[PDB]
Ligand SMILES: CC(C)=CCOc1cccc2c1-c1c(c3c(n1C(C)C)CCCC3=O)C2=O
Ligand code: NA
C-alpha cells in the first residue's frame, strides 16, 4: 500500500518539548534594521536566491558579510532567520549579526560575521590526511549541534563550508534550506544539490530526518580522500541514483525500497540494472593513496548507506577511530 513511516533515531522529539515559538517560524516577529549601517565593499558570490557582499559596519568599522535575499518562496525568509537565531553561538555555525532592509527597495538582507574562505576547488587539493580528519570533525560538531537543536541543514556540500585555512577555523553557512525536524512530517524531496542528494530524495521518500545530512557528508568525504569531485557524478536526479547503485550495488537498493514499501518511479525500471557492491580499494590509486586508510574507508562505508536509519549519527561519527588523533590533539589544546 503506502510508504512505511520512519522516525529519526536520535533527537526525535526535541522540537515537541520546546515552546511553540521555537519552531513556529511563521509567527516570528522580525525587528528590521537599517542597511545604511553598512556600506557594501564588493561582491563575494551568489546563492540560488541571494547575492552576497563583503561590507563594513560603519558604526564600529568591523568587516561583515551581507546576504541580500530575493526568494521565490517568501516565508523561507522567516524560516532561515529563526533557524539562524536558534543556532547562534553553536560550534562552527555561521553567526547572524543583524537583520536589515534597504530603506528604498525594502529588500531584506542578513548580516553575518565575516569569515575568510578559499574555494574548495583549490583548497581540497592541498589538504593532508590529518587536515581532512580535522575539518571533517569540525563539520560534525556543527551537524551534531544543529541536529540536537531539532534542525536539518539539508544542503551540506563544499560550497556551504567556509574554511579559513590559516586559522584552521570552519563555518557551516547557507541555512536557507534548513528545516525543523518533526516526527511523521513529510518533507519536500527537491532539496540539497544533485551530487549530495541522499537516496531518500532520489526515490522520493519524504519522511526523512537528520540522517540526510550524514549522506551528504559522506559524499564530501569520498571526494576528498579519493580526489574525485564530485564522487557521484549524475547527469540528472535519475542518473544520480544510477551512479550510486554502480558503487553501493543494487541488492541493498532494492532491499531498501522493499523495507519502506517505496513506490519506485517507472523511469528507474530500465536504468538501474544489476550491480555488485564495489570494494572501496577500487577507487584508490597512487595520487590519493596517502589520504586513504582502513579507518577512513570504515568510516566512509558507515555514512554511505541507502537505509537512512543505518547511517551513523553525527555523534556516533565523532567517536569513530578515524578521529582518534584529532580528539587527542584537541584535548591537549594544540
Ligand atoms: C571570503 C569569501 C570569498 C567567501 C566567504 O563567504 C561568506 C562569509 C561569511 C558568511 C557567508 C558567506 C557566504 C554566505 C553565503 C554564501 N557565501 C559565499 C560562499 C559567497 C553563498 C550563498 C549563500 C550564503 O548564505 C554566508 O552566509
Ligand atoms: Na549555497
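Sequence positions for chain A are given in Swiss-Prot numbering; the residues included correspond to 2-335, in order.
Structure determined by X-ray crystallography, 2.0 Å.
Here the Cβ of each residue, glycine as well, is placed from N, Cα and C on the backbone.
Feature annotation from Swiss-Prot assigns active site, proton acceptor to 156. For residue 156 (active site, proton acceptor), the same-chain residues that are 6 or more apart in sequence and have a Cβ closer than 8 Å to its Cβ are 175, 177, 178, 179, 192, 193, 194, 197, 217.
Annotation comment: Swiss-Prot describes 45, 46, 47, 48, 49, 50, 51, 52, 53, 68 as ATP binding site. Secondary structure at residue 51 (ATP binding site), as computed by DSSP, is strand. In sequence order, 68, 69, 70, 71, 72, 177 are the residues near residue 51 (ATP binding site), counting only same-chain partners six or more apart with C-beta under 8 A.
Sequence annotations record features per position, and here Swiss-Prot assigns domain 'Protein kinase' to 39-324 based on sequence analysis.
If you look up Swiss-Prot, you'll see 36-41 marked as region 'Interaction with beta subunit'.
Counting other Cβ atoms within 10 Å of each Cβ, the lowest count among the binding-site residues 45, 53 belongs to 45. Mapped onto DSSP helix, strand and coil, the region 'Interaction with beta subunit' (36-41) counts 3 helix, 3 strand, 0 coil. According to DSSP, residue 45 (ATP binding site) sits within a strand segment.
For ligand 1, the nearby recorded positions are 45, 53; that is, of 45, 49, 53, 156, these have a C-beta under 6 Å from one of its atoms. The full span of the recorded ATP binding residues, 45, 46, 47, 48, 49, 50, 51, 52, 53, 68, taken as their largest Cα to Cα distance, is 14 Å.
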